[PDB]
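Since the structure comes first, as structure tokens, the remarks are kept for the end.
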Amino acid sequence: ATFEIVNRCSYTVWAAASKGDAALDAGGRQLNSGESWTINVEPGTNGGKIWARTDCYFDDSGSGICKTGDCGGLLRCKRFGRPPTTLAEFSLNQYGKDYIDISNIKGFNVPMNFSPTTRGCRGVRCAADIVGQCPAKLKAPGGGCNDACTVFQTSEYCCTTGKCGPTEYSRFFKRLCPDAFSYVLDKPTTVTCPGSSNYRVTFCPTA
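Here the sequence shown is numbered in mature numbering (1 follows the signal peptide of the UniProt record, and there is no 0), starting from 1 and rising by one per residue.
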């Protein structure tokens, strides 16, 4: 599958692509404002994630730091990024279907459109100003809006027992982005695509 990753933000992001135990394609790259990065994701990729990182410093070997979505200080992510991270999530060729979603379960740093570039299902979008509106106790100092599970580390927010409900914090994310996961047991906003669909992830799709 091809993912085109486009930075429509006015600021530089460092795209990341990981399935949690491995990079997808190169796993990470600097995107200046307007730059496009095409990756190939293996068919059958289960639990793929794409995210943006903000305010990165990388030295010559690709080691450094980001204020949001840092993945063990690497330019080329092998692991998931540190919250807050708006997540493009995908499982490809799962019994002849692709499953895509956006999640705020790991919070929100960068607005995001996640759309197929092939036919047969709709894209999803979380492009509201969640950082600007972010409740005071979820505000990440480095930028972005933490989920309540990252901040408070409770069973209710992290859904540790596999039982929990929506919360004041989950409902803030859900109110601003109905089409994204707000908490672990949120009514699914998963979109079903045809197997071997191609995708565009756009950072700042409206800004």
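Heads up, the beta-carbon is just placed ideally off N, CA and C, and yes, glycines get one too.
Can you say whether residue i is buried or exposed, counting buried as having 16 or more other CB atoms within 10 angstroms of its CB?
i	result
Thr85	buried
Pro141	exposed
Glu89	buried
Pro188	exposed
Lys163	exposed
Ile50	buried
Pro111	buried
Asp98	buried
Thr54	buried
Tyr157	buried
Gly132	exposed
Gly120	exposed
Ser155	exposed
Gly107	buried
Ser18	buried
If you check the beta carbons only, do residue i and residue j fall under 9 angstroms apart?
i	j	result
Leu75	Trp14	yes
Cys177	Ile100	no
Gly123	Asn109	no
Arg175	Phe3	no
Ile105	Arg125	no
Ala16	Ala52	yes
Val6	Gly34	yes
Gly96	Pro83	no
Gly143	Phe80	no
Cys56	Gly44	no
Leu92	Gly195	yes
Residue i lies in the beta strand (DSSP E); which residues open and close that run?
i	result
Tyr99	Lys97 to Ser103
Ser115	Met112 to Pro116
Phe203	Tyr199 to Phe203
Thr154	Element bounds for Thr154: n/a, residue is neither H nor E.
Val6	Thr2 to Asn7
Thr38	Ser36 to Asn40
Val191	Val191 to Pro194
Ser18	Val13 to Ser18
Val124	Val124 to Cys126
If I'm right that residue i touches residue j with Cβ under 8 angstroms, what's the distance once you round it to whole angstroms?
i	j	result
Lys67	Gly27	No, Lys67 and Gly27 are not in contact; Cβ-Cβ is about 19 angstroms, not under 8 angstroms.
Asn32	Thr12	5 angstroms
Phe203	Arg8	6 angstroms
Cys145	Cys134	4 angstroms
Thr167	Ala180	Actually they are not in contact, since the Cβ atoms of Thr167 and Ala180 sit about 15 angstroms apart, beyond 8 angstroms.
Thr118	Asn198	5 angstroms
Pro205	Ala128	Contact flag wrong, Cβ pair sits at about 11 angstroms.
Starting from residue i, follow the alpha helix (DSSP H) in both directions and report where the run begins and ends.
i	result
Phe108	Taken as a continuous stretch (DSSP letters only), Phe108 belongs to no alpha helix (DSSP H), as it is neither H nor E.
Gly132	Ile130 to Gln133
residue 210	Past the boundaries of the shown model lies residue 210; the chain is included only from 1 to 207, so the question cannot be answered.
Taking only heavy atoms of the ligand MN into account, decide whether any of them is closer than 8 angstroms to the Cβ of residue i.
i	result
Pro194	With respect to the ligand MN, the structure shown offers nothing to examine, as it has no ligands at all.
**Study point:** Residue ranges of each beta strand (DSSP E) within the stretch 48–104, 3 or longer
**Key:** 48–51, 87–94 and 97–103
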